[PDB]
There are 2 protein chains.
Amino acid sequence: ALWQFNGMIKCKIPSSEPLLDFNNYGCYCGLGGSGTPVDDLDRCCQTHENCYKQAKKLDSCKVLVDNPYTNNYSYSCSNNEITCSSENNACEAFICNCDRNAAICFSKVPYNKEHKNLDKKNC
Amino acid sequence: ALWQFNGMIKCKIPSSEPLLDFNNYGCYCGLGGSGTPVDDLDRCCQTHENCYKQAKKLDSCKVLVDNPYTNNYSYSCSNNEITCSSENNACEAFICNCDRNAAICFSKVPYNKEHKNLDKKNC
Ligand SMILES: [Ca+2]
Ligand SMILES: [Ca+2]
């Protein structure tokens, strides 16, 4: 769920408020997204979306009435490391990995303030 | 919460249904408890209770209206290992450790069927 994702990002980037810093960044970070990613951080978001798009094409995921961001799952943050729990059933397990990969991607790429809130006439 | 505890025990003892196998075992496993533990597994439960009793004596724990078994926290089970997440605030962090220690204790002691449901006239 959105909330586990926010914590995963803070697990990796302890100094940020992910809901503020990465929201509406580029053509992909935040709600919706189109066009060509503007940078690599924007590319982490595009991949993240494709991963959620894939989750949706799984017979295991077509049971929960809730969205990937409403689909809670369990993980832990320990020594700045993310671990998706084995108690997660198939679908939750797929979403957890999608969020874990994105959180890690965010922490490995440059963040360009000059792309914050981005004029969506560039996407 | 009770539910995270059940999973922690299954994380360590993959073959059991903790709510069935360890419920009402001895003088301490299950609801309430008094007397002298009947065996070591019963002693894991007594310790577990004392840990919850300690949790209650913490200024951090006197905010949540819910019980230690209603007090959800987050952890993950990975390769039969339990990790209490750093996203847990102080109180949840204390309960998580109490449950983790008990789950591990259960998995290291003998289980005597001859103590299942135990006549509470022996406690
Ligand atoms: Ca998006
Ligand atoms: Ca008890």
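1. Some words on a nonpolar patch on the surface
A surface patch of nonpolar side chains, amounting to about 360 Å² of accessible area, comprises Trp3, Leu19 and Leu20 of chain A. Position of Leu19 of chain A relative to the elements: it lies in helix 2 (residues 18-21).

2. Quick look at the coordination of the calcium ion (ligand 2)
Angles at a metal have ideal values that depend on geometry: 109.5 degrees with four tetrahedral donors, 90 or 180 degrees with six octahedral donors. All names here are of chain B. Distances from the calcium ion (ligand 2) to its protein donors, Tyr28 (O), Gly30 (O), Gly32 (O) and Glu49 (OE), fall at 2.1 to 2.5 Å. Read N to C, the donor residues that coordinate the calcium ion (ligand 2) are spaced as Y-x1-G-x1-G-x16-E. Here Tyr28, found in the loop between helix 2 (18-21) and helix 3 (40-56), pairs with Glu49, found in helix 3; they are 21 residues apart in sequence, far enough to count as distant. For the pair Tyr28 and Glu49, one class covers both residues: buried.

3. With respect to the UniProt feature "disulfide bond" in chain A
Residues and elements named next belong to chain A. Measuring sulfur to sulfur gives 2.0 Å for the UniProt disulfide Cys44/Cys105, short enough to count as a bond. Linking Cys44 in helix 3 (residues 40-56) with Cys105 in helix 4 (residues 90-108), this pair joins segments that are 61 residues apart in sequence. Among the residues examined, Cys44 registers a relative accessible area of 2% and is labelled buried. At 2.0 Å between sulfur atoms, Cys84 and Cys96 form the disulfide that UniProt records. Of this pair, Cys84 sits in strand 2 (residues 81-84) while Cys96 sits in helix 4; the two residues are 12 residues apart in sequence, bridging distant segments of the chain. With a relative accessible area of 0%, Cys96 lands in the buried category.

4. Details of helix 3 of chain A
One turn of an α-helix holds 3.6 residues; hence residues three or four places apart share an orientation. Residues and elements named next belong to chain A. Between the first and last C-alpha of helix 3 there are 24 Å, a value that for 17 residues agrees with the 24 Å anticipated at 1.5 Å per step. Along helix 3, the residues that are buried comprise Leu41, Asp42, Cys44, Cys45, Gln46, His48, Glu49, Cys51, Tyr52 and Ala55. Looking at the buried residues of helix 3, the elements they touch are helix 1 (2-12) and helix 4. Looking at where helix 3 begins, the residue whose side-chain oxygen comes 3.5 Å from the main-chain nitrogen of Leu41 is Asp39.

Reading the values: rules and limits
- Residues numbered from 1 in each chain as written, not as in the entry; some residues may be left out.
- Chains lettered and ligands numbered in written order.
- Heavy atoms only, no water.
- Patch = residues over 30% accessible without salt bridge, like charges linked within 9 Å, V, L, I, M, F, W, Y side chains within 5 Å.
- Areas by Shrake-Rupley, 256 points an atom, 1.4 Å probe, with all protein chains shown as cover.
- Salt bridge = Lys/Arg side-chain N within 4 Å of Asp/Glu carboxyl O.
- Helix = DSSP H or I, 4+ residues; strand = E, 2+ residues; numbered from the N terminus.
- Donors = N, O, S within 2.8 Å, 3.2 Å for Na, K, Ca; no water.
- Buried < 20%, exposed > 50% of the residue type's maximum accessible area, 1.4 Å probe, protein only.
- Disulfide = S-S within 2.5 Å.
- UniProt positions renumbered as here; feature names shortened; annotations may be inferred.
- Expected span 1.5 Å × (residues − 1).
- Contact = heavy atoms within 4.5 Å.
- Polar contact = N/O pair within 3.5 Å; in protein donor to acceptor, adjacent residues only side chain to side chain.

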